[PDB]
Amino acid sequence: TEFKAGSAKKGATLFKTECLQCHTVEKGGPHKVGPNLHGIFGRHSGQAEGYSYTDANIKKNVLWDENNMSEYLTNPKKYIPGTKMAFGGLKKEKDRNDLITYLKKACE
């Protein structure tokens, strides 16, 4: 996939409805069902401090960027077979661009 910067405003609403139940974004924010996402961009998969990941999420062995994030969020278990993230994915390209535009700001 090829990320294109979109609307963080639309992305924020998508995060609220699709992601917030399992994830926080703020620095020092708590783990929930899923890990806190602060600092996710640039970091090795499966490496937030204090969170117990699947071996699949750890050993995916990629650094997160906007393009592999878009691919992941299209269909999480297809990109990371073995994942325990129970999210079906955002099939729509604009949704992923907007979400990721938001995530870049919100987890900085």
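Position 1 is the first residue in the sequence shown; the rest follow in order.
Between the residues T74, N36, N68, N61, the entry's highest C-alpha temperature factor is the one at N61. Among the modelled residues of its chain, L90 has a C-alpha B-factor that falls in the highest third, as given in the PDB entry. When the modelled residues of the chain are ordered by C-alpha B-factor, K84 sits in the lowest third. Residue-level temperature factors show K78 in the middle third of its chain, judged at the C-alpha atom. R96 sits in the middle third of its chain by CA B factor, as recorded in the PDB entry.
In this PDB entry, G46 carries a Cα temperature factor that places it within the lowest third of its chain's modelled residues.
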